[PDB]
Amino acid sequence: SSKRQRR
Amino acid sequence: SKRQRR
Amino acid sequence: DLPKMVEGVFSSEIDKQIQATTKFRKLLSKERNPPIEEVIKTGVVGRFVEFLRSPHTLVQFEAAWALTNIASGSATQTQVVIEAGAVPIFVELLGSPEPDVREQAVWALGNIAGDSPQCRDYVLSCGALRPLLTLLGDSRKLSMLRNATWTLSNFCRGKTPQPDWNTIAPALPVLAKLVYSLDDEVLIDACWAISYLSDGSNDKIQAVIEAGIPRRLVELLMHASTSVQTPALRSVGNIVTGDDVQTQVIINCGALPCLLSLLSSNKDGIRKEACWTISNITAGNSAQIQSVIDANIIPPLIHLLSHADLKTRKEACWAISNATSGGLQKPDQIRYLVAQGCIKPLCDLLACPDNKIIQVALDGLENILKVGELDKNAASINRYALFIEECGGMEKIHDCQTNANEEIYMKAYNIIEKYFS
């Protein structure tokens, strides 16, 4: 997965 | 000659 | 409570809008199971996109953060944000006067572009690169540098298809600088981004060379962090898939002593990678084979032909076999490989379940033999054929005649017919 959730 | 991947 | 939050978002009052949207931001920020879908079902994503153009930066920010975390979910959830028309607005927000709004826009574009190559291309189509590359050159804020570098790597990432070259190419000068960053995380994402772009045809390799990137990549091969080493290694590997002059750039930046070192890395992947990189250097000209010899890389390789996992033995096989290419020009090289004990581990690989490997070991052994045959006629036997016979290698060549791959059995036949009648 190349995604990032913030917090 | 030369190997790709990667 | 969810329906009151919906009411707030659809109010025309900026403070109701902001309290509501913040509650949504916080809910989409949950570590475990953010209710992305329930939020999407309420109908507010359209509103968050309107909020992106409010003059109140705070609601721009909260909206952008909520949107960022919807786009952090599945492809369909991402698409909802895309469908709503958020991406051309996020690109406008890369120029917001307010640094947190710009950063959150960068972050959103990273997630959207990261969903797929098609999505990646959509974001590039909306003019995202240039203003991203600008933020990367101006910002002093570490978090923005981290975020914008990571997002830049997502713009570079993907092979089905790769980004259009002229469109993404302007990233190279910025990346040439980011690899001198003092931050490890920027360093990592920068190096990955470079490894995506360097994975390609020789013209793309050339562009990486002329950005000046090779020198610092090679230096990063010896970085403390394996997380930095891996993509830097990957990139150097890519480069030496280029022509001989492009490969020579990597030799002249002193990569060989680093590759010798990386052979002993604690990570299997790095070791395997190091071998793959070396094999593309020994696929080069006579002088480049000689460079690998003079760097004392050959004994560790020959050792790796027997030890570590099969994927490793495979790459070392290519590396050593490639090195037997110049029996006509400089046969001294093969005699060196023989004297370091390459024949016995090459013979072993003739019983490899991989047919390409069998062929590569067979090629190498034919080249070994031809030199022994040249030494024979200048003396009286072919001592290389003898050592192949008595180590048990001749019998393994013999078994290759039952292999069905045309390349393999015909090759095996002629070796027997020529050196073992």
# chains A, B, ... in the order shown; residues from 1 in each chain; ligands from 1
>>> interface_residues(of="chain C", to="chain A", cutoff="6 Å", atoms="only C-alpha atoms", output="ChimeraX atom specification")
/C:29,69,72,111,114
>>> closest_residue(among="C:261, C:76, C:60, C:312", to="residue 90 (chain C)", atoms="only C-alpha atoms")
C:60
>>> interface_residues(of="chain C", to="chain B", cutoff="9 Å", atoms="only C-alpha atoms", output="list in words")
residues 195, 199, 200, 234, 237, 238, 240, 241, 242, 243, 276, 279, 280, 281, 283, 284 and 322 of chain C
>>> write_last_selection(atoms="C-alpha atoms", output="tab-separated table (two decimals), in the first residue's frame")
chain	number	residue	atom	x	y	z
C	195	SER	CA	14.63	3.73	-8.82
C	199	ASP	CA	13.89	1.45	-14.52
C	200	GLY	CA	13.67	1.88	-18.26
C	234	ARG	CA	18.07	-0.70	-6.98
C	237	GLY	CA	21.42	-1.69	-10.61
C	238	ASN	CA	19.10	-0.05	-13.12
C	240	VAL	CA	24.23	-0.61	-15.26
C	241	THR	CA	21.47	-2.20	-17.35
C	242	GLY	CA	22.49	0.62	-19.68
C	243	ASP	CA	25.21	0.56	-22.31
C	276	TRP	CA	22.27	-8.78	-10.07
C	279	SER	CA	26.09	-9.48	-13.38
C	280	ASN	CA	25.12	-6.49	-15.49
C	281	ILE	CA	28.60	-5.10	-15.05
C	283	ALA	CA	27.86	-8.45	-19.06
C	284	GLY	CA	29.95	-5.50	-20.26
C	322	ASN	CA	28.85	-13.30	-17.93
>>> atom_distance(atom1="CA of residue 213 (chain C)", atom2="CA of residue 141 (chain C)")
23.7 Å
>>> closest_residue(among="C:359, C:151, C:291, C:367", to="residue 405 (chain C)", atoms="only C-alpha atoms")
C:359
>>> closest_residue(among="C:135, C:144, C:245, C:190", to="residue 176 (chain C)", atoms="only C-alpha atoms")
C:190
>>> atom_distance(atom1="CA of residue 301 (chain C)", atom2="CA of residue 316 (chain C)")
5.7 Å
>>> residues_around(residues="residue 41 (chain C)", least_positions_apart="2", cutoff="12 Å", atoms="only C-alpha atoms", output="compact mmCIF listing (two decimals) with C-alpha atoms, in the first residue's frame")
# COMPACT_ATOMS: atom_id res chain seq x y z
CA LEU C 2 -23.67 11.64 12.53
CA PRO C 3 -26.84 13.29 11.28
CA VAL C 6 -24.28 16.22 8.15
CA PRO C 35 -15.86 4.64 8.60
CA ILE C 36 -14.87 6.00 5.18
CA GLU C 37 -17.89 4.38 3.59
CA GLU C 38 -20.44 5.63 6.11
CA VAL C 39 -19.04 9.14 5.60
CA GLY C 43 -23.29 12.90 0.82
CA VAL C 44 -20.71 15.35 2.21
CA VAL C 45 -17.76 14.67 -0.09
CA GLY C 46 -19.20 17.16 -2.54
CA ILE C 70 -11.17 9.10 2.21
CA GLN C 77 -13.43 5.30 -2.18
CA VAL C 80 -15.48 9.14 -5.12
>>> atom_distance(atom1="CA of residue 180 (chain C)", atom2="CA of residue 249 (chain C)")
19.2 Å
